[PDB]
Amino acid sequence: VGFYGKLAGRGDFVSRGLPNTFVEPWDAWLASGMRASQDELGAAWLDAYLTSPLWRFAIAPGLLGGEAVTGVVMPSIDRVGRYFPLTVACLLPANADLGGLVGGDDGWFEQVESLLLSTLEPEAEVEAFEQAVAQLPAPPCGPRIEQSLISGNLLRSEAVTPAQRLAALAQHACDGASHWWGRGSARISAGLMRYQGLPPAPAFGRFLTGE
């Protein structure tokens, strides 16, 4: 586990534990979505951003480097008033069971939410945050069901019981996709969102404003 983004106690971008193969594309994606949403919401942006939900996510291999990625992202700010989210992320193997993770117990994500939220107490120590994250376990995520591609167009899974078949379908639904869920807020209802790929920049405001 590592983190990347802005914290109120520091003026610059801060990042620990994450390679550039994640951070570069992640930063670019957030930056584009930050600007598009600003253009769209204009004067109403700040109020939307500052009350928006923390978002738990699971992103399939190949979207942000070769590894799968899970974590939580929270609206944040630096020491000098510039806005940008704070993200705690764990890189997982390409055969990770994102299915069971999205459909799994909430506990890892609640632990990450608590850490992130803590960074918005005035007396927050950034080095205390950096250590908690550095001492943070990966989430309980096992290997996905054995699968092969046969003659270009059949996916065969070694699933022989009802539980294994369910697991294999859910795992498949995560491939090539990003999944976003969590508690929502008083403007956005708790629920799950899937995008094929990373969300497009103009879809970024949907993280901030509901219907």
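Residue numbers run from 1 along the displayed sequence.
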{"property": "Entry-level comparison of average CA B-factors, 122-130 and 82-90, reporting the higher stretch", "result": "122-130"}
{"property": "Cα B factor band for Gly210 (lowest, middle or highest third within the chain)", "result": "highest"}
{"property": "Relative C-alpha B-factor of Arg10, binned into the chain's lowest, middle or highest third", "result": "middle"}
{"property": "For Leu166, the third of its chain into which the C-alpha B factor falls", "result": "lowest"}
{"property": "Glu67 by Cα B-factor - lowest, middle or highest third of the modelled chain", "result": "middle"}
{"property": "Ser76, C-alpha B-factor rank within chain (lowest, middle or highest third)", "result": "lowest"}
